[PDB]
Structures are given as C-alpha cells and as structure tokens.
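A.B. asks: Before I ask anything, here is the structure I am working with.
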Amino acid sequence: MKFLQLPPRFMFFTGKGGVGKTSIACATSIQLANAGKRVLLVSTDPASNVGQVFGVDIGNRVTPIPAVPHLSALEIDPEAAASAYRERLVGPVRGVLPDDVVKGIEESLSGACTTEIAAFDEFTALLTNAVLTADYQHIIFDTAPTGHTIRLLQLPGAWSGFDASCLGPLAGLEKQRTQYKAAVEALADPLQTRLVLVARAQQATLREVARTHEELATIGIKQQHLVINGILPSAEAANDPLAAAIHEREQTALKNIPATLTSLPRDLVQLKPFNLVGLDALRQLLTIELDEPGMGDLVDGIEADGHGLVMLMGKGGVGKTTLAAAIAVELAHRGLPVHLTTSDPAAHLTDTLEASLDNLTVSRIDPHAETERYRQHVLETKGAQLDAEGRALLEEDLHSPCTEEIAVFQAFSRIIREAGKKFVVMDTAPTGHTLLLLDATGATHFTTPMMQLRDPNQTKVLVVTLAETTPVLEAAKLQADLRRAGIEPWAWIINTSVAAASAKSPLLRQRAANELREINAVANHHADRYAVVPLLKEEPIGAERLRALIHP
Ligand SMILES: Nc1ncnc2c1ncn2[C@@H]1O[C@H](COP(=O)(O)OP(=O)(O)O)[C@@H](O)[C@H]1O
Ligand SMILES: Nc1ncnc2c1ncn2[C@@H]1O[C@H](COP(=O)(O)OP(=O)(O)O)[C@@H](O)[C@H]1O
Ligand SMILES: [Mg+2]
Ligand SMILES: [Mg+2]
C-alpha cells in the first residue's frame, strides 16, 4: 500500500465507526513486525476482541504476542478512564453539596465528549512517555482524536471552573499543560505522525471523512493518507443483480470523490471473503431465507397508537432520512396526516410529492445554518463577561457535535409545537446526553419539555442501526444513554440487511450470515420489537419506490 512506506514513529487512524479501523491497524502492525521493526499496537475499543485475534489476553499492561516476534500489544479503556474521572471529581463533593450540583456534575462528565477527552488523555499519556516511545520504534493506534478535541486541548485558559457547553471533561485533566502541548506538537509534526483516514466507498461516508480531513488540515496536520476499505470485487457480481448494483454504486462513489480529498494519496482494499477473525485472515488483508418482521408491523403499531411522534435516532450514515421518508409516505398513503421534517439539504427524498398528496407536508431544516445561528446567538450571551481567552474557549467549545445537536433539536421544537393532532416524523433525535443537560440547565429558541419525550404515549424513539458488530455496540451504547435519560426506545430498525435481500454469491452470503448473527443478537438482548429493512438494489430517492422499503 501507499501508507506503509518509510512510516514515521506514530501512526493513527480515524473514520466512521465500523469501517475497519481495527482490522487495518492490526494488519499494519503484523506487517511491520514481520518486516523487523518493533511495534506497539494500541487498541481503543474495550470490546474490540483484539486479544482474541492475536490469541493472547491484552490489558492495560503491555504484553508481547508470542506468535509474532517483535510485536507488543496494549489497550486503552476510555470508559474506564471516564468512570475514574467521574469518581475522583464527584466523590469529594458527594454528601456535602446539593443534589442539583451533583446531578449537574455527573451529567457534564458523562457522554461521548467525556469518552473522547479521556481517550485523548490516554493518547497523550502514551505519547511523550519515559520509555514507551523510546523502546518501541513504531506505535499504531486504532482511533485518532477528533479535530474538536485537538483544538480544545491546545487552547489556553483556566479549566478549574467546570450552559450547555461541554468544557466539563477538561476540568478532570490532571496532567500539566506542557504535557498536552508537547503531545499536540508531536501529533501535528509530519515527521512523527502520519494520520490515515479509513472510509467506506459510499457517498455519505466519503463526505463525512472529507469533513474530518478539512478539520484536521485546519488544525495543522499537513500530510495524510486515504485508505478506501470495502471495495466489492467486480467479478463477484457475475450473476447477482444486487452485487452488480452494489458494484455500480461503489464505482460511482470512487469516480466522484470530494474535491478536498483528491490530492491525498489513495489506496484500495478488496473485501476479502475470508472472515477477519484469525491471524491468517489479517495477514493477507493488505495484499438462505431470512424471515423477520418488516416495517409493516412497526407502521401498524404506530397507526394503532396515532397522534404520536416517530423520532428516529442513530449514528450518521445509517439511512435515518430514507427510513423517515418511507414511514411518512406510508402513513400518508393510508390517509392519516404526516409532517416529515427531514434535515438532509443535500438531497430531496419526498420532492414533488407534497402537492400530489393532499395531507403530506415537509419542513427542510439545514443543520449547518441552524448550528451557525445558535453559535452566533450564544456568542453574545456569556461572551461579553468572559475575557478574550474565555470567549475564544467558548467559541471553540461550541463547535462540538453537542452544540450542533442542540441547535437541530431547538429548530425541531418549533415544528413540534406547531403540529398538534398530527403525526410528526423526525430525522435525528438528540442523544441522551443532550436531553439530560438541556433539562437540568433549563430546570428565541425554546426546547420541548422532557415530560413529553419521556412519555411512552407520545414519543416513540426508534433506533436505526446498521447490521454489523461496531454499529450494534454503539447503538446499544446510545440506547443505554437514552435509558439513563429516562426515555425508552420503542423499537429497533436494522437497516441494509443483505440477508433480507436476495443474495446468491459467496461474499454477499457471508455478509448475510454475519448480519443474521447481528439481527439475532439484537432480537435477543437489545430490543423487544425489531424490524429489518433490506438493502434496496435501486437507490431510494423517489416517491413511489420508497414503498419498496415498507413492503419488501
Ligand atoms: N477489507 C475487509 N475485508 C473483509 N472484511 C472486513 C474488511 N474490513 C473490515 N471487515 C469486517 O468488518 C468487521 C468489523 O470491523 P472493525 O475492525 O470493527 O472496524 P472498526 O474498528 O472501525 O469498528 C470485521 O468483523 C471484519 O470482518
Ligand atoms: N434501506 C436502504 N437500502 C439501500 N440504501 C439505503 C437504504 N437506506 C439508506 N440508504 C442509502 O444510504 C445513503 C445515506 O443515508 P442517509 O439517509 O443520508 O443517512 P442520514 O440518515 O445520516 O442522512 C443514501 O444515499 C441512501 O441511498
Ligand atoms: Mg474498532
Ligand atoms: Mg441524515
């Protein structure tokens, strides 16, 4: 490949969760160990099962792998670090401060932002270490800090004083400032770091990774690489129309890549049929009738309990918008009123159908404009009082995903209120962290009361998830966060199930088996009511074809 040539000491990875960062990291580590240089693979997901593939148990203590000479493994548990932060920042105040303060501290130091800050703290601890970076020539991490975290950490300003901002986790950063300054300088220096982007060959994932690359370039990183992982071999589509459609879409995505990413060196990794579970599988990486309930049952249930909101939620690039459009169109077909408030300005799903259908309506909310408006509105509140440094720190904080989600939710609140006895399908619900924080802080923009959302009879938060390991685990994490917030997701929607589709080729068959395992797990111990949506061969961008989703 083009990204394993005379590589520097450190080597990070980053991309959408579940695109194969761990597999590529392990393969690169194995190859470098075979070359002759000592490496130190550092996994990040606690449930990665990295130790399983290598054949040895891996923990917080560095442990050599006997199978591969000159290979050392290590693990960082961001959840453990976050729990430690909460315990050592809350215990001293517990039992002496009012319950409201304790609740606020607990909420602020919890959620995705806290885990990201803890992960960067552990990364900095590994970097600029006494002998960790002096004994092992190469270190190959498995997930890199987001641009927001890097921007926050290098910014100066007192951190010993942590309304919806996410500057709480920075208060738990015990180490000296010079430590993180040196860590960030080492990370940004092209001589030491070679950040690698891994992104599936799809439009949404490519645009997301392009945005992350733009952020990282803004930070200061100069040289990067791209590794498009997930290309389906052309010959695999010899006699399967679904395989032909998949290959056509993948090739179209490759042909039209975002302009910003064109200059970067690019690589391709074929989807090897052999399942990546053993050492042999990772060595060569770089070189059925499913009968499960469809969306008909979900639509019937919603139809039975009408005058309710159907607010999807899930990590980006899992087809939330298309599913919301399909549900809204199906409900409109029955004659019941719907208000499909999608938030995808890039493409139109229900265009030209508003006038054709008597009762259907739409409201296109642009997340970028809403985020910018919220940022501007909050800059002049709590900005004048703060000194220049404080204002800069707050402005940097307000670029987090939490701010964008809060802005989107606030923009959606007015749509909710203007709709009474009428269905309202959403596009992107706020996570549990945002709901809890906005409810605790609040006790022109106005947000819907948490009372309505928590009510089982007026808020059916469906959770859309792709059918793979990591997407399922992160969706389960989101469900746990929502349950902490007090709202119970009503059902689950597994999307893009090749097994549900007609697959008659080797690679598609293996993927279908894996997704069947995931669906079984989801039905067993994640959701009491789940629906599987197949991978439609034709892209669902029309109005009459959307019914294909609801009536496979
Ligand atoms: N090039 C590839 N060929 C075949 N399978 C792959 C490839 N890349 C990733 N996978 C599959 O993806 C699954 C999960 O990938 P993972 O390493 O967890 O990505 P991430 O670390 O981003 O979640 C693995 O079980 C593996 O089989
Ligand atoms: N059930 C499905 N079958 C096939 N493709 C799908 C399905 N759902 C979504 N997609 C594809 O996924 C792409 C991106 O999904 P999108 O809905 O934009 O994600 P988000 O909800 O984060 O906006 C779309 O271009 C769409 O064609
Ligand atoms: Mg992973
Ligand atoms: Mg969307």
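As shown in the structure tokens, the chain order sets the letters A, B, ...; within each chain, residues go from 1, and ligands are also counted from 1 in the order they appear.
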Would you list the residues that come within 7 Å of ligand 2? Count only C-alpha atoms and all ligand atoms and give the answer as JSON, numbers by chain.

C.D. replies: {"A": [203, 204, 315, 316, 317, 318, 319, 320, 321, 322, 323, 344, 427, 495, 496, 533, 534, 535, 536, 537, 539, 540, 541, 549]}

A.B. asks: Please save C-alpha atoms of the selected residues as a PDB file, in the first residue's frame.

C.D. replies:
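See selection-v8.pdb below for the written result:
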ATOM      1  CA  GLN A 203     -21.131   8.914  -0.678  1.00  0.00           C
ATOM      2  CA  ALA A 204     -22.171   9.733   2.893  1.00  0.00           C
ATOM      3  CA  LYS A 315     -25.280   7.360  14.152  1.00  0.00           C
ATOM      4  CA  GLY A 316     -24.813   9.160  10.863  1.00  0.00           C
ATOM      5  CA  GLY A 317     -24.822   7.313   7.572  1.00  0.00           C
ATOM      6  CA  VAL A 318     -27.284   4.582   8.576  1.00  0.00           C
ATOM      7  CA  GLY A 319     -30.183   5.713   6.410  1.00  0.00           C
ATOM      8  CA  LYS A 320     -32.217   7.609   9.002  1.00  0.00           C
ATOM      9  CA  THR A 321     -33.552  10.093   6.449  1.00  0.00           C
ATOM     10  CA  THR A 322     -34.658   7.464   3.934  1.00  0.00           C
ATOM     11  CA  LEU A 323     -36.416   5.410   6.612  1.00  0.00           C
ATOM     12  CA  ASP A 344     -30.904  16.485   4.666  1.00  0.00           C
ATOM     13  CA  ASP A 427     -34.762  12.770  11.231  1.00  0.00           C
ATOM     14  CA  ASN A 495     -31.074  -1.387   8.044  1.00  0.00           C
ATOM     15  CA  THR A 496     -29.250  -2.634   4.952  1.00  0.00           C
ATOM     16  CA  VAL A 533     -35.066  -3.297   6.099  1.00  0.00           C
ATOM     17  CA  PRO A 534     -33.244  -4.924   3.148  1.00  0.00           C
ATOM     18  CA  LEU A 535     -30.546  -3.327   1.013  1.00  0.00           C
ATOM     19  CA  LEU A 536     -32.668  -1.961  -1.823  1.00  0.00           C
ATOM     20  CA  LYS A 537     -30.934  -2.535  -5.150  1.00  0.00           C
ATOM     21  CA  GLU A 539     -31.347   3.889  -4.616  1.00  0.00           C
ATOM     22  CA  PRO A 540     -34.477   5.102  -2.733  1.00  0.00           C
ATOM     23  CA  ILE A 541     -34.533   8.728  -3.893  1.00  0.00           C
ATOM     24  CA  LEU A 549     -38.766  -0.291   1.926  1.00  0.00           C
TER      25      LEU A 549
END

A.B. asks: Any idea what's packed within 7 Å of region 132-146 of chain A, counting only C-alpha atoms, ignoring anything in its chain fewer than 6 positions away? Could you give it as a short mmCIF file (atom, residue, chain, number, x, y, z; two decimals) with N, CA, C and O atoms, in the first residue's frame?

C.D. replies:
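Result file follows (selection00.cif):
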data_model
loop_
_atom_site.label_atom_id
_atom_site.label_comp_id
_atom_site.auth_asym_id
_atom_site.auth_seq_id
_atom_site.Cartn_x
_atom_site.Cartn_y
_atom_site.Cartn_z
N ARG A 9 7.37 7.28 13.36
CA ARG A 9 7.18 6.55 14.61
C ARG A 9 5.71 6.26 14.86
O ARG A 9 5.28 5.10 14.87
N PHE A 10 4.91 7.31 15.04
CA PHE A 10 3.50 7.15 15.34
C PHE A 10 2.68 7.03 14.06
O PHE A 10 3.11 7.46 12.98
N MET A 11 1.50 6.43 14.18
CA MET A 11 0.62 6.23 13.04
C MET A 11 -0.79 6.03 13.57
O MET A 11 -1.06 5.02 14.22
N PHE A 12 -1.67 6.98 13.30
CA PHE A 12 -3.03 6.95 13.81
C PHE A 12 -3.99 6.47 12.72
O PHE A 12 -3.61 6.22 11.58
N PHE A 13 -5.26 6.32 13.10
CA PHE A 13 -6.33 6.02 12.16
C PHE A 13 -7.58 6.73 12.63
O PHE A 13 -7.71 7.10 13.80
N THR A 14 -8.51 6.94 11.71
CA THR A 14 -9.76 7.61 12.06
C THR A 14 -10.75 7.47 10.93
O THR A 14 -10.37 7.36 9.76
N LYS A 21 -11.25 0.11 11.01
CA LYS A 21 -10.04 0.71 11.55
C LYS A 21 -9.21 -0.32 12.31
O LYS A 21 -7.99 -0.40 12.14
N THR A 22 -9.86 -1.14 13.15
CA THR A 22 -9.13 -2.12 13.93
C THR A 22 -8.46 -3.16 13.04
O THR A 22 -7.31 -3.55 13.27
N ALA A 25 -5.48 -1.61 11.31
CA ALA A 25 -4.42 -1.36 12.28
C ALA A 25 -3.69 -2.65 12.63
O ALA A 25 -2.45 -2.69 12.65
N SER A 29 0.21 -3.56 11.83
CA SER A 29 1.11 -3.95 12.91
C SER A 29 1.78 -5.28 12.60
O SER A 29 3.00 -5.43 12.79
N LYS A 37 10.90 -4.40 12.52
CA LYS A 37 10.87 -3.31 13.48
C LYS A 37 9.84 -3.58 14.57
O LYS A 37 8.74 -4.05 14.30
N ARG A 38 10.22 -3.27 15.81
CA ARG A 38 9.32 -3.46 16.94
C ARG A 38 8.19 -2.44 16.89
O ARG A 38 8.42 -1.25 16.68
N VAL A 39 6.96 -2.91 17.09
CA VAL A 39 5.77 -2.07 17.04
C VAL A 39 5.02 -2.20 18.36
O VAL A 39 5.28 -3.10 19.16
N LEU A 40 4.08 -1.28 18.58
CA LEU A 40 3.24 -1.28 19.78
C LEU A 40 1.82 -0.93 19.36
O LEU A 40 1.44 0.25 19.36
N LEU A 41 1.03 -1.94 19.03
CA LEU A 41 -0.36 -1.71 18.68
C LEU A 41 -1.14 -1.31 19.93
O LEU A 41 -0.98 -1.91 20.99
N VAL A 42 -1.97 -0.28 19.79
CA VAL A 42 -2.72 0.29 20.92
C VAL A 42 -4.18 0.33 20.50
O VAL A 42 -4.64 1.30 19.88
N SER A 43 -4.94 -0.70 20.84
CA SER A 43 -6.37 -0.69 20.59
C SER A 43 -7.06 0.30 21.52
O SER A 43 -6.51 0.73 22.53
N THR A 44 -8.28 0.67 21.15
CA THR A 44 -9.02 1.68 21.91
C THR A 44 -10.40 1.21 22.35
O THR A 44 -10.84 1.57 23.44
N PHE A 120 -8.20 10.96 24.44
CA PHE A 120 -7.06 11.82 24.12
C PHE A 120 -6.10 11.93 25.30
O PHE A 120 -4.89 12.03 25.10
N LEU A 126 0.45 8.07 26.61
CA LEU A 126 1.32 7.17 25.86
C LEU A 126 2.39 7.96 25.11
O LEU A 126 3.55 7.53 25.06
#

A.B. asks: Write as a PyMOL selection string the residues around ligand 1, taking 8 Å as the cut-off and counting only C-alpha atoms and all ligand atoms.

C.D. replies: chain A and resi 15-24+45+48+142+229-231+269-277+285+468-471

A.B. asks: Determine the nearest neighbour of residue 550 (chain A) from the options A:210, A:349, A:327, A:513, counting only C-alpha atoms.

C.D. replies: A:327

A.B. asks: Just the residues within 10 Å of residue 261 (chain A), please, counting only C-alpha atoms, with nothing from its chain fewer than 4 positions along; format it as a count of residues only.

C.D. replies: 13

A.B. asks: Taking only region 397-487 of chain A into account, list the residues labelled alpha helix (DSSP H) by DSSP (computed from the backbone), as a PyMOL selection string.

C.D. replies: chain A and resi 397+401-418+432-442+450-454+469-485

A.B. asks: If you count only C-alpha atoms, which residues fall within 10 Å of region 335-343 of chain A, apart from same-chain ones fewer than 3 positions away, as a ChimeraX atom specification?

C.D. replies: /A:303,306-307,309-311,320-322,324-332,346-350,357-368,408,412,415-416,419,421-428

A.B. asks: Between A:449, A:215, A:283, A:235, which one has atoms that come closest to residue 247 (chain A), using only C-alpha atoms?

C.D. replies: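 Of A:449, A:215, A:283, A:235, the one nearest residue 247 (chain A), counting only C-alpha atoms, is A:235.
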